[PDB]
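Notes for the one structure printed next.
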Amino acid sequence: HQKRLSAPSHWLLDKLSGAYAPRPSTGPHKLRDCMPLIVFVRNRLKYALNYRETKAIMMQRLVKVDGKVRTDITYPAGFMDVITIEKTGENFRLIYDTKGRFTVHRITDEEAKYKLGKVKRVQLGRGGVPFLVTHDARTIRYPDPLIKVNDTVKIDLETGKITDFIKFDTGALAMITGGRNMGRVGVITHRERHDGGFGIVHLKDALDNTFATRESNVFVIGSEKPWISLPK
Amino acid sequence: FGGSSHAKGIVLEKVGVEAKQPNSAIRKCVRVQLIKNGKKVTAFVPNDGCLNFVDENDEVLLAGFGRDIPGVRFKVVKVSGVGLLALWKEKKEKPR
Amino acid sequence: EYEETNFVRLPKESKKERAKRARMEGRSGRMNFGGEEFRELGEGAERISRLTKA
Amino acid sequence: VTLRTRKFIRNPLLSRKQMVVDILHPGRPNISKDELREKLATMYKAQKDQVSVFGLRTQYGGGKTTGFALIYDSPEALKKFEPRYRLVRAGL
Amino acid sequence: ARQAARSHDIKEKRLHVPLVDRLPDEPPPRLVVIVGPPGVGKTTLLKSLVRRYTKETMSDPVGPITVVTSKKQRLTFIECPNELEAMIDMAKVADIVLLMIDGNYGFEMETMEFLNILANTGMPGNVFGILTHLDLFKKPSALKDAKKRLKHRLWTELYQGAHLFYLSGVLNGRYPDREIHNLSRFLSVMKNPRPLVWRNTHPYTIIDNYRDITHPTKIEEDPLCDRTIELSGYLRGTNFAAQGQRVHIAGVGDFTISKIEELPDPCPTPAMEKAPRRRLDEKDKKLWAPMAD
Amino acid sequence: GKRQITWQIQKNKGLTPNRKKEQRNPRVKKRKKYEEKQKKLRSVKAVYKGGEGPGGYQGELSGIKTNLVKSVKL
Amino acid sequence: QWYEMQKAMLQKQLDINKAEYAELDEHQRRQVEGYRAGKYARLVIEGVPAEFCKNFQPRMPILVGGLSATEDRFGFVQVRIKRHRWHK
Amino acid sequence: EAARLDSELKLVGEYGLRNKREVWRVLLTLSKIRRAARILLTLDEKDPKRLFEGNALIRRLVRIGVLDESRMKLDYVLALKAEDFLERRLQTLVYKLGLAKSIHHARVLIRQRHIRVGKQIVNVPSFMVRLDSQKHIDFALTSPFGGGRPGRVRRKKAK
RNA sequence: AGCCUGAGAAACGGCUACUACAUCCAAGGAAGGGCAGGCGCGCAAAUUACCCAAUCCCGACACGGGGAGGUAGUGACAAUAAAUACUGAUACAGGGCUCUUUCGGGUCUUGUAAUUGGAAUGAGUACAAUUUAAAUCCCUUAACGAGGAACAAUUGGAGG
Ligand SMILES: Nc1nc2c(ncn2[C@@H]2O[C@H](COP(=O)(O)OP(=O)(O)OP(=O)(O)O)[C@@H](O)[C@H]2O)c(=O)[nH]1
Ligand SMILES: [Mg+2]
């Protein structure tokens with residue numbers, strides 16, 4: 001039940017939606033790194049007008065998020081969730097811009113079929129099996145045995161299996177998803193360890209601005225290989 | 001008086017009710033007794049025909065008189081909660 | 001331009017916005033003699049010197 | 001009685017045609033939005049019963065009047081997708 | 001310094017003439033008149049007030065109606081009829097006044113007549129303007145214009161900033177319950193009456209019950225003869241004389257008291273029964289209307 | 001069949017004095033005060049008020065007084 | 001505080017009576033102090049004209065007032081009168 | 001003082017004003033503008049504050065039509081006056097454009113909604129008409145001097 | 001003072017005992033512990049208004065429920081804009097005004113409770129439609145709506 005100004009500055013609200021703002025329900029993505037489905041439908045896309053209209057869209061099986069039907073209105077969809085609407089025949093993708101806000105991208109089924117997800121941790125689960133945890137809280141059982149931490153994975157999204165992976169690399173272009181230099185698509189050119197907590201990388205854009213961002217806030221997107229269509 | 005701007009009083013006796021000339025200041029002056037302190041001071045009704053509204057034992061508000069008896073300092077402003085000039089102009093009736 | 005996007009009507013201000021914006025006149029030296037605005041010669045004049053030095 | 005439709009939006013998931021309507025009565029009194037529902041049947045090839053009009057503020061000095069019009073694909077789609085107060089104002 | 005100035009001004013506002021109270025320890029019921037022009041609905045307000053207080057639907061309420069409204073104080077409602085003799089008779093009697101104005105029609109000469117009769121005779125504590133027939137309006141801008149102009153004319157008439165209630169409709173033939181509930185919120189909590197000199201020197205009584213105690217042999221002998229009359233009511237002023245009190249029955253003439261019987265109340269008001277809780281249980285909401293139904 | 005309240009009770013006039021139709025409107029009073037104070041000005045100084053008329057010069061139409069010196073002696 | 005001193009003297013007199021006739025019933029409470037206010041009471045009036053009982057309506061109420069010793073005498077009352085403001 | 005009374009009476013007569021509150025209102029806004037001009041003259045020439053703020057003040061006054069387009073110095077902005085402001089009022093502009101016979105006729109017309117400034121009718125006679133908007137003062141279309149219905153006394157007479 | 005539930009409380013929601021008030025009764029018994037409002041002198045001055053319709057929240061759950069929120073009413077404490085009239089013709093009177101210097105000087109068109117004529121109209125009345133949860137206001141708007149004895153300007157001061 002937070003106010004419209006206490007809502008974060010990256011899912012935008014104008015002077016229109018009242019003094020209050022919806023809170024995202026608990027789910028895969030975080031609270032402050034989130035776009036709820038009602039803000040995506042009626043405050044960003046404007047396929048709806050009111051809360052009851054958004055409910056009348058959501059309750060019938062017309063909005064699918066990451067390939068599954070998401071019914072509740074304030075479902076969290078933070079980063080790179082393909083959002084398939086079949087009556088309009090569109091699939092939107094959530095990326096950022098250079099200023100630090102949410103951006104929507106229209107696309108069809110060929111790029112809508114896969115999800116590029118960053119690995120959070122690799123472990124040995126119960127049954128003596130290695131399993132893999134992404135930032136979408138997707139756990140994949142029996143992964144490829146080189147996919148370590150901070151590697152990204154092309155998730156199939158019709159079975160959910162691994163298809164390809166991109167390694168953490170000095171020389172692979174990356175996207176920033178946090179910090180004071182948030183949302184700046186550039187190339188990882190250096191990486192400093194700082195063992196004892198909070199190591200960094202040094203990263204430059206396409207046009208020569210060096211800056212240091214933390215290896216938590218980084219997010220690998222591809223060496224050149226823009227596997228998701230960043231908007232031209 | 002006191003520390004206030006207007007004082008209240010009881011009209012003890014209209015002194016000079018038997019004076020001859022109509023707008024004499026002895027005809028217009030009225031001895032009242034202030035409530036807060038208890039002293040008997042004299043006050044001017046503003047007009048001789050306006051004297052008739054001032055009856056005995058009536059709560060009377062009085063103020064200063066800032067400008068035939070030089071030195072009577074007070075003038076009657078309200079009588080029984082109604083303004084005396086309004087009573088004289090026949091705007092209001094006096095609640096008794 | 002916000003009433004053709006999803007075309008829900010607005011309440012023409014309210015008691016809590018009019019309390020704010022009409023108090024903004026109370027603490028400002030602006031005045032509107034005609035079509036134009038006439039700004040006070042306080043801190044708005046010092047920035048003109050403060051920009052030109054840099 | 002002169003009509004123009006700006007910003008016509010399809011909205012298939014809510015199944016309703018969204019029009020910003022600028023109507024003009026010069027010299028007449030106001031437009032009687034039930035008769036405007038009757039007028040927005042042959043302009044967009046629909047029944048009168050599946051049209052709902054709201055907004056409808058008259059511009060300063062007569063003439064122009066801005067309304068917002070919604071045409072549903074069926075009266076039952078209107079019935080299941082309309083607010084109660086707009087349904088009462090329409091008469092269903 | 002200005003706090004001292006305002007304190008001195010309020011300390012001079014609090015003062016009055018030191019008049020005598022003459023109110024007993026077990027006080028009589030305070031008298032509420034319902035005054036207004038003909039056709040304004042004084043009897044309708046009487047029915048609605050007695051249903052609010054004592055829950056008794058009176059089909060034809062006449063005479064004074066005594067009503068327990070608190071554990072210490074009680075009221076009595078008398079509706080003044082449309083005759084000037086009754087209005088001048090009750091203006092020297094009334095403790096609080098319910099002064100009715102007829103809404104869309106505006107002020108009336110009977111209302112102004114009773115206002116200045118009351119002011120000349122003796123001003124009581126509480127007079128409440130009650131403005132009715134508001135439902136006989138078509139434009140609710142004309143409604144608030146009429147409320148504003150009637151409020152300002154009444155404020156010029158009696159005093160600035162009075163209480164003017166607005167009773168809108170007539171639903172069940174009675175009044176709206178919320179409107180008469182806030183009206184009774186104002187006339188239920190009460191303060192001691194103003195020390196009027198005439199009521200504090202002369203003993204009066206307002207007759208609740210009338211009966212003709214005359215021998216039918218005397219009525220059969222002379223059909224128009226001097227009768228003896230039992231009049232039962234509350235002694236309200238100072239105390240009557242024990243023997244040989246001279247009485248003016250207003251509208252009839254002067255007589256003498258042949259007998260006084262002093263007897264217990266029909267409305268006991270639980271302080272007199274117990275002789276610190278707030279609410280009144282429904283054991284206590286008594287109704288004493290010995291001429292009404 | 002009701003007793004209407006009349007205008008004297010409707011607005012409590014009382015004994016206010018009788019004032020003027022000019023005094024009931026503050027603009028018309030300030031119009032007539034300016035017309036009479038512009039009129040008092042012509043009786044002291046001399047206004048221009050147009051030169052020679054269309055008819056020409058019909059003489060100094062209100063007297064010529066010879067022994068009158070009306071110059072500010074510096 | 002002359003106002004509160006005067007009001008306190010009035011309340012002292014109003015305690016001195018009801019302290020002074022609170023000593024006996026048949027003598028003081030009945031014959032000295034009369035029939036005290038607030039108590040319901042029944043009055044018997046002898047000698048009322050029969051037109052009152054024939055034309056008695058319950059609407060127009062009955063007010064019983066007590067005349068003083070001075071209010072039964074007749075004579076020339078000299079009054080201070082003024083016509084009303086709204087009397088034509 | 002008699003000087004103030006005669007000055008305010010000359011203003012109220014020469015421009016058909018209602019009271020002296022309008023005169024004091026104009027004198028207050030004129031004193032505000034002139035105080036800003038004096039404060040800008042306090043600084044030396046070629047200070048950037050004085051340069052841009054004085055250019056803003058002079059362009060504002062020339063655009064609202066009080067100051068003449070010939071003289072554009074801050075000394076003439078100091079030499080401004082209330083006769084120039086009351087000349088820029090709407091009521092005297094109707095009288096000078098000749099839609100009305102006298103200034104009180106002009107106030108009467110503007111009150112009962114005959115003239116319009118540009119597009120919308122103007123109900124207030126103290127409307128500060130700018131220089132660009134001075135030309136578009138004319139009778140409205142709903143006025144009988146403009147057109148439409150012949151009007152009120154005309155209708156009662158022609159019936 | 002002690003205890004109970006639940007993912008989350010030492011809830012104060014409940015229980016028990018003691019302490020302290022207090023209610024009903026057929027005198028054996030039995031249930032219960034807040035805010036808001038008025039008076040606070042005998043003399044006074046802002047609604048006991050309407051709704052979840054928007055934004056938001058809780059639930060078996062599209063429907064059920066919300067004392068946030070929004071809508072309305074009062075208000076000369078201030079503050080803002082400005083009505084209560086505009087314009088002619090004719091007739092008649094010869095004075096009107098001013099001052100330093102006053103039984104004196106200065107200036108030249110001014111009136112009238114005169115007779116008539118034109119128009120303009122917003123306060124108010126008001127069919128509607130619209131606004132809105134339903135209303136109101138606003139914006140549109142057909143029809144009426146000015147001759148003083150009225151659609152009725154006030155507060156002070158000085159003088160004959
Ligand atoms: N619409 C409306 N009608 C009312 C209102 N008040 C009273 N009435 C009606 O007016 C009628 C007058 O009845 P009463 O109120 O008894 O008249 P009264 O003056 O009180 O009684 P009398 O003095 O005997 O005429 C009743 O039939 C009421 O229904 C009101 O506020 N609105
Ligand atoms: Mg009755």
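Please note that chains go A, B, ... in the order of the structure tokens, that every chain numbers its residues from 1, and that ligands are numbered from 1 in the order shown.
Residues of chain G that DSSP, applied to the backbone, places in strand (DSSP E): residues 40, 41, 42, 43, 44, 45, 46, 47, 48, 63, 64, 65 and 66 of chain G.
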For chain E against chain G, which residues fall within 6 Å using only C-alpha atoms, given as an MDAnalysis selection string?
chainID E and resid 18 27:28 62 203:207 224:236 238:242 246:250 257:263 265
How close does each residue of chain B get to chain G, giving the shortest atom pair and distance in Å to one decimal for every residue with an atom at most 7 Å away, counting only C-alpha atoms, sorted by chain and residue number, as JSON lines?
```
{"residue": "B:35", "atom": "CA", "partner": "G:3", "partner_atom": "CA", "distance": 5.9}
{"residue": "B:36", "atom": "CA", "partner": "G:2", "partner_atom": "CA", "distance": 5.8}
{"residue": "B:37", "atom": "CA", "partner": "G:2", "partner_atom": "CA", "distance": 6.1}
{"residue": "B:38", "atom": "CA", "partner": "G:2", "partner_atom": "CA", "distance": 5.9}
{"residue": "B:90", "atom": "CA", "partner": "G:85", "partner_atom": "CA", "distance": 6.4}
```
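The residue set within 12 Å of residue 13 (chain A), counting only C-alpha atoms (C1' of nucleotides) and dropping same-chain residues fewer than 6 places from it, reads residues 3, 4, 5, 6, 7, 19, 20, 21, 22, 35, 38, 39, 40, 42, 43, 44, 45, 101 and 102 of chain A; 55 of chain I.
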Within 9 Å of ligand 1 (counting only C-alpha atoms (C1' of nucleotides) and all ligand atoms), which residues show up? I'd like them as a ChimeraX atom specification.
/E:34,36-46,79-82,102-103,131-136,166-171,173-175
Could you save the residues just selected, with N, CA and C atoms, as a tab-separated table (two decimals), in the first residue's frame?
```tsv
chain	number	residue	atom	x	y	z
E	34	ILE	N	-43.14	24.72	21.38
E	34	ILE	CA	-43.00	24.47	19.96
E	34	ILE	C	-43.80	25.53	19.23
E	36	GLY	N	-44.69	28.41	16.19
E	36	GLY	CA	-44.57	28.61	14.77
E	36	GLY	C	-45.88	29.04	14.15
E	37	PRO	N	-45.84	29.36	12.85
E	37	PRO	CA	-47.07	29.73	12.16
E	37	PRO	C	-47.96	28.51	11.95
E	38	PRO	N	-49.23	28.71	11.59
E	38	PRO	CA	-50.10	27.56	11.32
E	38	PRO	C	-49.65	26.77	10.10
E	39	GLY	N	-49.74	25.45	10.22
E	39	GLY	CA	-49.43	24.55	9.13
E	39	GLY	C	-47.97	24.17	9.01
E	40	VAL	N	-47.15	24.43	10.03
E	40	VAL	CA	-45.71	24.25	9.88
E	40	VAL	C	-45.29	22.90	10.45
E	41	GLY	N	-46.14	22.27	11.26
E	41	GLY	CA	-45.87	20.93	11.74
E	41	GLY	C	-45.35	20.84	13.16
E	42	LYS	N	-45.90	21.67	14.04
E	42	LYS	CA	-45.53	21.63	15.45
E	42	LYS	C	-45.97	20.32	16.10
E	43	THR	N	-47.18	19.86	15.76
E	43	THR	CA	-47.69	18.60	16.29
E	43	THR	C	-46.88	17.43	15.75
E	44	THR	N	-46.41	17.54	14.51
E	44	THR	CA	-45.57	16.49	13.93
E	44	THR	C	-44.22	16.40	14.63
E	45	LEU	N	-43.61	17.55	14.94
E	45	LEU	CA	-42.39	17.53	15.73
E	45	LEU	C	-42.63	17.02	17.15
E	46	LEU	N	-43.81	17.29	17.71
E	46	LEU	CA	-44.13	16.76	19.03
E	46	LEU	C	-44.21	15.24	19.03
E	79	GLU	N	-46.99	22.45	22.84
E	79	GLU	CA	-47.11	23.03	21.52
E	79	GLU	C	-48.04	24.24	21.64
E	80	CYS	N	-47.56	25.40	21.25
E	80	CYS	CA	-48.39	26.58	21.30
E	80	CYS	C	-49.36	26.53	20.13
E	81	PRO	N	-50.66	26.69	20.36
E	81	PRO	CA	-51.59	26.80	19.24
E	81	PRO	C	-51.43	28.13	18.52
E	82	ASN	N	-52.18	28.29	17.44
E	82	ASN	CA	-51.95	29.40	16.53
E	82	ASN	C	-52.63	30.69	16.98
E	102	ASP	N	-40.87	28.09	8.10
E	102	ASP	CA	-41.47	27.30	7.04
E	102	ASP	C	-40.68	27.34	5.74
E	103	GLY	N	-39.35	27.18	5.82
E	103	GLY	CA	-38.53	26.79	4.68
E	103	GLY	C	-38.56	27.61	3.42
E	131	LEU	N	-36.01	24.70	10.98
E	131	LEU	CA	-36.42	25.09	9.64
E	131	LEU	C	-36.93	23.82	8.99
E	132	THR	N	-38.18	23.82	8.57
E	132	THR	CA	-38.81	22.64	8.02
E	132	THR	C	-39.38	22.95	6.65
E	133	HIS	N	-40.07	21.96	6.06
E	133	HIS	CA	-40.50	21.95	4.66
E	133	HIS	C	-39.33	22.17	3.71
E	134	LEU	N	-38.19	21.52	3.94
E	134	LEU	CA	-37.12	21.65	2.97
E	134	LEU	C	-37.32	20.74	1.77
E	135	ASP	N	-38.21	19.75	1.87
E	135	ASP	CA	-38.38	18.83	0.75
E	135	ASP	C	-39.26	19.43	-0.34
E	136	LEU	N	-39.91	20.57	-0.06
E	136	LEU	CA	-40.71	21.28	-1.06
E	136	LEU	C	-39.81	22.24	-1.84
E	166	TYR	N	-32.19	21.80	10.34
E	166	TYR	CA	-32.89	21.66	9.07
E	166	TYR	C	-33.52	20.28	9.03
E	167	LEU	N	-34.84	20.22	9.11
E	167	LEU	CA	-35.55	18.95	9.14
E	167	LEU	C	-36.16	18.74	7.76
E	168	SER	N	-35.63	17.76	7.02
E	168	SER	CA	-35.85	17.72	5.58
E	168	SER	C	-37.21	17.14	5.21
E	169	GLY	N	-37.45	15.87	5.54
E	169	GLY	CA	-38.56	15.13	4.99
E	169	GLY	C	-39.61	14.73	6.01
E	170	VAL	N	-40.62	14.03	5.52
E	170	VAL	CA	-41.65	13.40	6.35
E	170	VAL	C	-41.81	11.98	5.81
E	171	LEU	N	-41.13	11.02	6.42
E	171	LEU	CA	-41.10	9.67	5.85
E	171	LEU	C	-42.33	8.86	6.27
E	173	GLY	N	-44.83	9.79	8.23
E	173	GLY	CA	-45.68	10.73	8.89
E	173	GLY	C	-45.08	11.36	10.12
E	174	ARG	N	-43.80	11.14	10.39
E	174	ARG	CA	-43.26	11.51	11.69
E	174	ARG	C	-42.15	12.56	11.63
E	175	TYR	N	-40.91	12.21	11.19
E	175	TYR	CA	-39.72	12.98	10.81
E	175	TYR	C	-38.57	12.01	10.57
```
Would you give me, as a PyMOL selection string, the residues of chain F that come within 8 Å of chain G, using only C-alpha atoms?
chain F and resi 8-9+14
Distance CA of residue 25 (chain E)-CA of residue 93 (chain E), one decimal place?
20.2 Å
Chain I contacts to chain H at 7 Å (only C-alpha atoms (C1' of nucleotides)) as a PyMOL selection string:
chain I and resi 86+121-122
Could you give me, as JSON, numbers by chain, the residues within 9 Å of region 177-193 of chain A, counting only C-alpha atoms (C1' of nucleotides) and dropping anything in the same chain fewer than 6 positions from it?
{"A": [33, 96, 97, 98, 99, 100, 101, 168, 169, 170, 171, 199, 200, 201, 202, 203, 204, 205, 206, 207, 211, 212, 213, 214, 215, 216, 217, 218, 219, 220, 221, 223]}
Selected residues written out, N, CA, C and O atoms, as a compact mmCIF listing (two decimals), in the first residue's frame:
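The result, written out as part_21.txt:
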```txt
# COMPACT_ATOMS: atom_id res chain seq x y z
N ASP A 33 13.22 -4.81 -7.55
CA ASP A 33 13.72 -5.12 -8.89
C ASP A 33 12.60 -5.70 -9.73
O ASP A 33 12.77 -6.71 -10.42
N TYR A 96 16.27 -3.10 -19.83
CA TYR A 96 16.38 -1.75 -19.31
C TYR A 96 16.81 -0.79 -20.42
O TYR A 96 17.04 -1.21 -21.56
N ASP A 97 16.89 0.49 -20.08
CA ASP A 97 17.45 1.50 -20.97
C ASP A 97 18.72 2.05 -20.35
O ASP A 97 19.16 1.62 -19.28
N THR A 98 19.32 3.03 -21.03
CA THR A 98 20.54 3.62 -20.53
C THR A 98 20.33 4.54 -19.33
O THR A 98 21.29 4.78 -18.59
N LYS A 99 19.11 5.03 -19.10
CA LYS A 99 18.89 5.91 -17.96
C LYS A 99 18.58 5.15 -16.68
O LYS A 99 18.79 5.69 -15.59
N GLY A 100 18.08 3.92 -16.77
CA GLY A 100 17.82 3.13 -15.58
C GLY A 100 16.37 2.79 -15.32
O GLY A 100 15.96 2.69 -14.16
N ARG A 101 15.57 2.62 -16.37
CA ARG A 101 14.15 2.35 -16.23
C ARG A 101 13.80 1.07 -16.99
O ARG A 101 14.62 0.51 -17.71
N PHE A 168 31.32 -16.21 -17.88
CA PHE A 168 31.82 -14.94 -17.36
C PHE A 168 33.21 -14.69 -17.91
O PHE A 168 34.12 -15.50 -17.69
N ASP A 169 33.39 -13.58 -18.61
CA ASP A 169 34.56 -13.38 -19.45
C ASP A 169 34.96 -11.91 -19.45
O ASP A 169 34.10 -11.03 -19.48
N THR A 170 36.26 -11.66 -19.41
CA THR A 170 36.81 -10.33 -19.66
C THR A 170 36.96 -10.14 -21.17
O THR A 170 37.96 -10.55 -21.77
N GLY A 171 35.96 -9.52 -21.79
CA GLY A 171 35.90 -9.42 -23.23
C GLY A 171 34.54 -9.83 -23.75
O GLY A 171 34.34 -9.98 -24.96
N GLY A 199 33.82 -8.08 -4.53
CA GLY A 199 34.73 -7.86 -5.64
C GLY A 199 34.07 -7.10 -6.77
O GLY A 199 32.85 -6.99 -6.84
N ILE A 200 34.90 -6.55 -7.66
CA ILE A 200 34.39 -5.63 -8.67
C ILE A 200 34.80 -6.10 -10.06
O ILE A 200 35.62 -7.00 -10.22
N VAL A 201 34.21 -5.47 -11.07
CA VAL A 201 34.70 -5.53 -12.43
C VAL A 201 34.83 -4.09 -12.93
O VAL A 201 34.12 -3.18 -12.48
N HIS A 202 35.77 -3.90 -13.84
CA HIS A 202 35.91 -2.65 -14.58
C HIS A 202 35.40 -2.88 -15.99
O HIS A 202 35.79 -3.84 -16.66
N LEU A 203 34.52 -1.98 -16.43
CA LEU A 203 33.73 -2.20 -17.62
C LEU A 203 33.68 -0.90 -18.40
O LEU A 203 33.55 0.18 -17.81
N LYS A 204 33.79 -1.00 -19.72
CA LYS A 204 33.70 0.15 -20.61
C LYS A 204 32.56 -0.08 -21.59
O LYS A 204 32.21 -1.22 -21.90
N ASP A 205 31.97 1.02 -22.05
CA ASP A 205 30.89 0.98 -23.02
C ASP A 205 31.45 0.79 -24.43
O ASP A 205 32.62 0.42 -24.62
N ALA A 206 30.62 1.01 -25.44
CA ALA A 206 31.12 0.96 -26.81
C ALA A 206 31.97 2.19 -27.14
O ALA A 206 32.77 2.15 -28.08
N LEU A 207 31.80 3.27 -26.39
CA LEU A 207 32.42 4.55 -26.71
C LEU A 207 33.19 5.13 -25.52
O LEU A 207 33.04 6.30 -25.18
N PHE A 211 34.17 2.37 -15.95
CA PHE A 211 33.54 2.47 -14.64
C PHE A 211 33.57 1.12 -13.95
O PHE A 211 33.62 0.08 -14.61
N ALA A 212 33.54 1.14 -12.62
CA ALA A 212 33.66 -0.07 -11.81
C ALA A 212 32.30 -0.42 -11.23
O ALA A 212 31.71 0.37 -10.48
N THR A 213 31.80 -1.60 -11.58
CA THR A 213 30.54 -2.12 -11.05
C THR A 213 30.78 -3.46 -10.37
O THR A 213 31.71 -4.19 -10.71
N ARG A 214 29.91 -3.81 -9.43
CA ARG A 214 30.11 -5.03 -8.67
C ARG A 214 29.63 -6.26 -9.45
O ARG A 214 28.66 -6.21 -10.22
N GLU A 215 30.30 -7.39 -9.20
CA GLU A 215 30.01 -8.64 -9.88
C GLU A 215 28.66 -9.23 -9.50
O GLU A 215 28.20 -10.16 -10.17
N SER A 216 28.03 -8.74 -8.43
CA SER A 216 26.63 -9.05 -8.20
C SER A 216 25.75 -8.27 -9.17
O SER A 216 24.84 -8.84 -9.78
N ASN A 217 26.03 -6.98 -9.35
CA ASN A 217 25.18 -6.14 -10.18
C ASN A 217 25.38 -6.37 -11.67
O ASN A 217 24.57 -5.88 -12.46
N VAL A 218 26.44 -7.06 -12.07
CA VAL A 218 26.60 -7.33 -13.50
C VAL A 218 25.64 -8.43 -13.95
O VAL A 218 25.04 -9.14 -13.15
N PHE A 219 25.53 -8.56 -15.27
CA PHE A 219 24.62 -9.51 -15.91
C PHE A 219 25.11 -9.70 -17.33
O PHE A 219 25.12 -8.74 -18.11
N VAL A 220 25.52 -10.92 -17.67
CA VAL A 220 26.13 -11.18 -18.97
C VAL A 220 25.04 -11.30 -20.03
O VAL A 220 24.04 -11.99 -19.84
N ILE A 221 25.24 -10.63 -21.16
CA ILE A 221 24.24 -10.63 -22.22
C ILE A 221 24.76 -11.23 -23.53
O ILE A 221 23.96 -11.79 -24.31
N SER A 223 28.86 -11.87 -25.95
CA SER A 223 30.14 -11.26 -26.33
C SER A 223 29.94 -10.21 -27.41
O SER A 223 30.21 -9.02 -27.18
```
Can you list, as a PyMOL selection string, all residues belonging to region 29-64 of chain G that DSSP tags as alpha helix (DSSP H)?
chain G and resi 50-54
Selected residue of minimal separation from chain I among D:69, D:56, D:36, D:88, counting only C-alpha atoms (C1' of nucleotides):
D:56
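The residues of chain D lying at most 12 Å from chain H, with only C-alpha atoms taken into account, are residues 27, 60, 61 and 62 of chain D.
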With C-alpha atoms retained, export the selected residues as a PDB file, in the first residue's frame.
```pdb
ATOM      1  CA  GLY D  27     -26.404  26.242 -31.939  1.00  0.00           C
ATOM      2  CA  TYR D  60     -16.029  26.215 -23.541  1.00  0.00           C
ATOM      3  CA  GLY D  61     -18.334  28.334 -25.665  1.00  0.00           C
ATOM      4  CA  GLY D  62     -20.569  25.639 -27.152  1.00  0.00           C
TER       5      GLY D  62
END
```
Exercise answer, chain H residues close to chain F, 9 Å and only C-alpha atoms, as a list in words:
residues 9, 10, 12, 13, 14, 16, 17, 18, 19 and 104 of chain H
Could you tell me which residues of chain I sit within 7 Å of chain E when counting only C-alpha atoms (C1' of nucleotides), and give me the result as JSON, numbers by chain?
{"I": [38, 39, 41, 42, 44, 45, 48]}
Write a file of the just-selected residues containing C-alpha atoms (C1' of nucleotides), as a PDB file, in the first residue's frame.
```pdb
ATOM      1  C1'   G I  38     -22.138  18.714  24.128  1.00  0.00           C
ATOM      2  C1'   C I  39     -21.732  21.790  28.762  1.00  0.00           C
ATOM      3  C1'   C I  41     -21.058  31.444  33.517  1.00  0.00           C
ATOM      4  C1'   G I  42     -26.829  32.703  33.520  1.00  0.00           C
ATOM      5  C1'   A I  44     -24.133  31.023  22.367  1.00  0.00           C
ATOM      6  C1'   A I  45     -20.786  31.122  16.609  1.00  0.00           C
ATOM      7  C1'   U I  48     -24.460  14.145  14.255  1.00  0.00           C
TER       8        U I  48
END
```
Using only C-alpha atoms (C1' of nucleotides), pick whichever of C:9, C:27, C:47, C:53 has the shortest atom-to-atom distance to chain I.
C:9
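Using only C-alpha atoms (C1' of nucleotides), the chain I residues found within 6 Å of chain F amount to residues 84, 97, 98, 107 and 153 of chain I.
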Please write the residues from the selection above to a file, keeping C-alpha atoms (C1' of nucleotides), as a PDB file, in the first residue's frame.
```
ATOM      1  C1'   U I  84     -26.711  48.777  -8.165  1.00  0.00           C
ATOM      2  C1'   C I  97     -17.746  78.541  -9.831  1.00  0.00           C
ATOM      3  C1'   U I  98     -13.441  80.708  -7.310  1.00  0.00           C
ATOM      4  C1'   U I 107     -13.532  83.134 -15.077  1.00  0.00           C
ATOM      5  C1'   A I 153     -25.683  50.379  -0.468  1.00  0.00           C
TER       6        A I 153
END
```
